[PDB]
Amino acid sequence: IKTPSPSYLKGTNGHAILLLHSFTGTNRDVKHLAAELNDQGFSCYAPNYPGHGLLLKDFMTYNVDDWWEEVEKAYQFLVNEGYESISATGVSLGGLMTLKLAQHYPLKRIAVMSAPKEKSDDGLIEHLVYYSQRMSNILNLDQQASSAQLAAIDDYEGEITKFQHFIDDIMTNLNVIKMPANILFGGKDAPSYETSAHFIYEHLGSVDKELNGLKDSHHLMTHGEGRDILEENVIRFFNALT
(Lines of atoms letter the chains of each structure in order from A and count residues from 1; the text may use other names and numbers.)
(Lines give C-alpha, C1' and ligand atoms only; values in the text may rest on other atoms or scores of the structure.)
Protein backbone atom coordinates (compact mmCIF):
# COMPACT_ATOMS: atom_id res chain seq x y z
CA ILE A 1 0.00 0.00 0.00
CA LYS A 2 1.47 3.31 -1.08
CA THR A 3 0.46 6.69 -2.43
CA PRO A 4 0.68 6.45 -6.21
CA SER A 5 3.40 8.31 -7.99
CA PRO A 6 2.62 11.29 -10.22
CA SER A 7 1.86 10.73 -13.90
CA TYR A 8 3.51 12.89 -16.56
CA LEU A 9 2.50 12.61 -20.21
CA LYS A 10 4.76 14.58 -22.54
CA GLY A 11 2.99 16.07 -25.54
CA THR A 12 4.04 17.98 -28.60
CA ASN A 13 2.06 21.25 -28.80
CA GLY A 14 3.86 23.20 -26.05
CA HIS A 15 0.82 23.57 -23.76
CA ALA A 16 0.62 21.85 -20.39
CA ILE A 17 -2.43 20.89 -18.35
CA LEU A 18 -2.50 20.07 -14.66
CA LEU A 19 -5.12 17.49 -13.77
CA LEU A 20 -6.28 17.33 -10.13
CA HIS A 21 -8.23 14.50 -8.52
CA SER A 22 -11.05 14.21 -6.01
CA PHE A 23 -11.13 14.08 -2.21
CA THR A 24 -10.31 10.50 -1.13
CA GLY A 25 -9.57 9.67 -4.79
CA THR A 26 -6.19 9.23 -6.49
CA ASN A 27 -4.75 10.36 -9.82
CA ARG A 28 -6.44 7.32 -11.41
CA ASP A 29 -9.51 9.58 -11.29
CA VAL A 30 -8.04 11.52 -14.23
CA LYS A 31 -6.01 8.90 -16.12
CA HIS A 32 -8.31 8.56 -19.13
CA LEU A 33 -8.88 12.30 -19.56
CA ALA A 34 -5.15 12.94 -19.28
CA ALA A 35 -4.46 10.29 -21.93
CA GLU A 36 -7.07 11.74 -24.29
CA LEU A 37 -5.73 15.26 -23.87
CA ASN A 38 -2.20 14.01 -24.53
CA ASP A 39 -3.39 12.34 -27.72
CA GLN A 40 -4.45 15.82 -28.87
CA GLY A 41 -0.89 17.12 -28.32
CA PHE A 42 -1.01 18.39 -24.72
CA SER A 43 1.46 17.67 -21.96
CA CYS A 44 -0.43 16.48 -18.89
CA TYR A 45 0.66 16.21 -15.23
CA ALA A 46 -1.48 14.45 -12.61
CA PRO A 47 -0.09 14.60 -9.07
CA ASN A 48 -1.47 12.64 -6.12
CA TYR A 49 -2.37 14.42 -2.90
CA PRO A 50 -0.31 13.19 0.08
CA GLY A 51 -2.13 10.63 2.21
CA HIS A 52 -4.46 9.63 -0.58
CA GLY A 53 -4.33 5.89 -1.20
CA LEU A 54 -3.50 5.05 2.41
CA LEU A 55 -5.56 3.56 5.21
CA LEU A 56 -7.72 6.11 7.00
CA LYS A 57 -5.58 6.49 10.11
CA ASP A 58 -2.53 7.32 7.95
CA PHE A 59 -4.68 9.45 5.59
CA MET A 60 -5.71 11.67 8.50
CA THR A 61 -2.15 12.60 9.40
CA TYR A 62 -2.21 14.82 6.30
CA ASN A 63 -4.43 17.87 5.83
CA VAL A 64 -5.50 20.43 3.27
CA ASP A 65 -2.25 22.35 3.70
CA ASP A 66 -0.32 19.24 2.61
CA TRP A 67 -2.63 18.73 -0.38
CA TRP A 68 -2.29 22.35 -1.53
CA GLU A 69 1.50 22.27 -1.15
CA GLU A 70 1.63 19.29 -3.50
CA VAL A 71 -0.46 21.18 -6.07
CA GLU A 72 1.90 24.16 -5.79
CA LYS A 73 4.82 21.78 -6.28
CA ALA A 74 3.18 20.31 -9.40
CA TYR A 75 2.70 23.76 -10.92
CA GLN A 76 6.36 24.61 -10.24
CA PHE A 77 7.42 21.32 -11.82
CA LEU A 78 5.76 22.40 -15.09
CA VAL A 79 7.32 25.84 -14.90
CA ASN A 80 10.72 24.25 -14.41
CA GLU A 81 10.11 21.93 -17.41
CA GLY A 82 9.89 25.08 -19.55
CA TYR A 83 6.18 25.36 -20.22
CA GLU A 84 5.06 28.95 -20.83
CA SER A 85 1.42 27.88 -21.22
CA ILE A 86 -0.08 26.10 -18.21
CA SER A 87 -3.79 25.35 -17.65
CA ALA A 88 -5.58 23.27 -15.05
CA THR A 89 -8.65 21.09 -14.59
CA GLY A 90 -9.93 19.09 -11.67
CA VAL A 91 -12.91 17.31 -10.16
CA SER A 92 -14.41 17.93 -6.70
CA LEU A 93 -11.49 18.89 -4.42
CA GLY A 94 -9.41 19.12 -7.58
CA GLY A 95 -11.86 21.68 -8.89
CA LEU A 96 -11.31 23.72 -5.73
CA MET A 97 -7.53 23.39 -6.16
CA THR A 98 -7.90 24.61 -9.76
CA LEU A 99 -9.80 27.70 -8.59
CA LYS A 100 -7.13 28.38 -5.93
CA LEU A 101 -4.35 27.97 -8.49
CA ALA A 102 -6.07 30.52 -10.68
CA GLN A 103 -6.08 33.04 -7.79
CA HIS A 104 -2.30 32.64 -7.41
CA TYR A 105 -0.88 32.02 -10.93
CA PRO A 106 -1.35 33.12 -14.61
CA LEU A 107 -3.09 29.99 -15.82
CA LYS A 108 -4.25 30.14 -19.43
CA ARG A 109 -7.69 28.61 -18.82
CA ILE A 110 -9.41 26.45 -16.25
CA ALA A 111 -12.11 23.75 -16.27
CA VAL A 112 -13.77 22.98 -12.95
CA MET A 113 -15.90 19.84 -12.39
CA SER A 114 -18.23 19.19 -9.42
CA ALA A 115 -16.77 21.86 -7.15
CA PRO A 116 -18.74 22.54 -3.93
CA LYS A 117 -19.26 26.04 -2.61
CA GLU A 118 -19.31 24.72 0.98
CA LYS A 119 -19.08 21.42 2.86
CA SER A 120 -20.53 20.44 6.22
CA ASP A 121 -18.79 18.37 8.88
CA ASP A 122 -21.26 15.50 8.38
CA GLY A 123 -20.72 15.63 4.63
CA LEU A 124 -16.95 15.39 4.95
CA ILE A 125 -17.02 12.69 7.64
CA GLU A 126 -19.32 10.72 5.36
CA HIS A 127 -16.69 10.84 2.59
CA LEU A 128 -14.10 9.45 4.99
CA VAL A 129 -16.37 6.60 6.13
CA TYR A 130 -17.03 5.43 2.55
CA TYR A 131 -13.31 5.65 1.80
CA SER A 132 -12.43 3.38 4.72
CA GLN A 133 -15.07 0.77 3.79
CA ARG A 134 -14.07 0.49 0.12
CA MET A 135 -10.47 0.10 1.28
CA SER A 136 -11.31 -2.65 3.77
CA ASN A 137 -13.10 -4.74 1.12
CA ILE A 138 -10.13 -4.23 -1.23
CA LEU A 139 -7.39 -4.93 1.30
CA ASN A 140 -9.76 -7.53 2.78
CA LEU A 141 -8.76 -6.25 6.21
CA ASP A 142 -10.15 -8.06 9.23
CA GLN A 143 -13.17 -6.71 11.10
CA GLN A 144 -11.18 -5.45 14.10
CA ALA A 145 -9.00 -3.11 12.04
CA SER A 146 -11.93 -1.54 10.17
CA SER A 147 -13.49 -0.28 13.40
CA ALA A 148 -10.28 1.24 14.78
CA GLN A 149 -9.79 3.10 11.49
CA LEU A 150 -13.21 4.75 11.81
CA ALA A 151 -12.66 5.57 15.51
CA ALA A 152 -9.69 7.81 14.61
CA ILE A 153 -12.09 10.14 12.76
CA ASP A 154 -12.85 12.01 16.00
CA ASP A 155 -9.25 13.34 16.15
CA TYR A 156 -9.56 14.87 12.66
CA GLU A 157 -12.12 17.49 13.75
CA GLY A 158 -9.66 20.37 13.67
CA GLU A 159 -8.51 19.39 10.19
CA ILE A 160 -12.14 19.29 9.02
CA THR A 161 -12.56 22.88 10.22
CA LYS A 162 -9.37 23.87 8.37
CA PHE A 163 -10.76 22.31 5.18
CA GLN A 164 -14.01 24.25 5.60
CA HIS A 165 -12.11 27.54 5.96
CA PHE A 166 -9.99 26.59 2.92
CA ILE A 167 -13.16 26.37 0.81
CA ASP A 168 -14.55 29.63 2.24
CA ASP A 169 -11.36 31.55 1.46
CA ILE A 170 -11.46 30.37 -2.19
CA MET A 171 -15.12 31.13 -2.62
CA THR A 172 -14.84 34.61 -1.10
CA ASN A 173 -12.41 35.69 -3.84
CA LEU A 174 -13.73 34.28 -7.09
CA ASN A 175 -13.80 37.78 -8.57
CA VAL A 176 -9.99 37.74 -8.96
CA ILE A 177 -10.16 34.84 -11.41
CA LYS A 178 -10.21 36.35 -14.86
CA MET A 179 -9.02 33.82 -17.44
CA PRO A 180 -11.39 31.73 -19.56
CA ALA A 181 -13.32 29.23 -17.45
CA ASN A 182 -15.55 26.19 -18.04
CA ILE A 183 -17.70 25.31 -15.00
CA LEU A 184 -19.18 21.80 -15.21
CA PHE A 185 -21.55 19.79 -13.05
CA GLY A 186 -23.44 16.53 -13.36
CA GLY A 187 -27.22 16.31 -13.54
CA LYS A 188 -27.16 13.01 -11.64
CA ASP A 189 -25.05 14.57 -8.84
CA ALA A 190 -26.68 16.04 -5.72
CA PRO A 191 -28.62 19.27 -6.40
CA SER A 192 -26.21 21.20 -4.18
CA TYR A 193 -23.60 20.82 -6.94
CA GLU A 194 -25.88 22.51 -9.48
CA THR A 195 -26.38 25.38 -7.02
CA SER A 196 -22.63 25.48 -6.40
CA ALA A 197 -21.85 25.64 -10.11
CA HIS A 198 -24.21 28.58 -10.64
CA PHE A 199 -22.67 30.36 -7.64
CA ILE A 200 -19.15 29.85 -8.96
CA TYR A 201 -20.09 30.91 -12.49
CA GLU A 202 -21.87 34.06 -11.32
CA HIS A 203 -19.02 35.20 -9.07
CA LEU A 204 -16.09 34.58 -11.39
CA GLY A 205 -14.39 37.66 -12.81
CA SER A 206 -13.82 36.00 -16.17
CA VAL A 207 -15.47 37.58 -19.18
CA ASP A 208 -15.10 34.31 -21.16
CA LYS A 209 -16.91 31.74 -19.03
CA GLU A 210 -19.40 28.96 -19.66
CA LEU A 211 -21.65 26.81 -17.49
CA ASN A 212 -22.24 23.23 -18.65
CA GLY A 213 -24.65 20.95 -16.85
CA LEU A 214 -24.28 17.46 -18.29
CA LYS A 215 -27.50 15.57 -17.70
CA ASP A 216 -26.03 12.06 -17.56
CA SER A 217 -22.89 12.78 -15.51
CA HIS A 218 -22.48 11.72 -11.88
CA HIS A 219 -20.34 13.47 -9.24
CA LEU A 220 -17.06 11.92 -10.45
CA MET A 221 -17.69 13.26 -13.96
CA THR A 222 -14.53 11.67 -15.36
CA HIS A 223 -15.92 8.17 -14.74
CA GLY A 224 -18.91 6.13 -15.77
CA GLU A 225 -22.08 7.20 -17.53
CA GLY A 226 -21.70 10.25 -19.72
CA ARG A 227 -17.92 10.32 -19.69
CA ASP A 228 -17.63 10.58 -23.48
CA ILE A 229 -19.72 13.76 -23.44
CA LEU A 230 -17.66 15.23 -20.58
CA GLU A 231 -14.37 14.48 -22.37
CA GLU A 232 -15.52 15.98 -25.70
CA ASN A 233 -16.53 19.13 -23.83
CA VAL A 234 -13.27 19.53 -21.91
CA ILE A 235 -11.12 18.70 -24.94
CA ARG A 236 -12.98 21.20 -27.12
CA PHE A 237 -12.46 23.81 -24.40
CA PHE A 238 -8.71 23.26 -24.18
CA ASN A 239 -8.28 22.94 -27.93
CA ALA A 240 -9.07 26.67 -28.13
CA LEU A 241 -5.44 27.14 -27.05
CA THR A 242 -4.25 25.72 -30.37
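Start at 1 with the first residue shown and count on from there.
Query raised in the report: Between 14-22 and 216-224, which has the larger average Cα B-factor in the PDB entry?
Result: It is 216-224 that shows the higher mean C-alpha B-factor.
Query raised in the report: When the C-alpha temperature factors are averaged for each of 50-58 and 177-185, which stretch ends up with the higher value in the entry?
Result: Looking at the recorded C-alpha B-factors, 50-58 comes out higher on average.
**Report entry** Maximum C-alpha temperature factor, selected from 93, 153, 113, 79
**Finding:** So the option with the highest C-alpha B-factor is 153.
Requested in this report: Name the one of 139, 71, 167, 102 with the greatest CA B-factor according to the PDB entry.
Outcome: The C-alpha B-factor peaks, among 139, 71, 167, 102, at 139.
Requested in this report: Comparing against every modelled residue in the chain, figure out the third that the C-alpha B-factor of residue 131 lands in (lowest, middle or highest).
Outcome: Highest third, going by the recorded CA B-factors of the chain.
Query raised in the report: Among the chain's modelled residues, which third holds the C-alpha B-factor of residue 147?
Result: Tercile = highest for this residue's CA B-factor.
Query raised in the report: Comparing residue 38 with the other modelled residues of its chain, is its CA B-factor in the lowest, middle or highest third?
Result: Answer is lowest: the recorded C-alpha B-factor places it there.
**Report entry** Chain thirds of CA B-factor: placement of residue 172
**Finding:** Middle third, going by the recorded CA B-factors of the chain.
Query raised in the report: Comparing residue 30 with the other modelled residues of its chain, is its CA B-factor in the lowest, middle or highest third?
Result: Lowest third - that is where residue 30 ends up once the chain's C-alpha B-factors are sorted.
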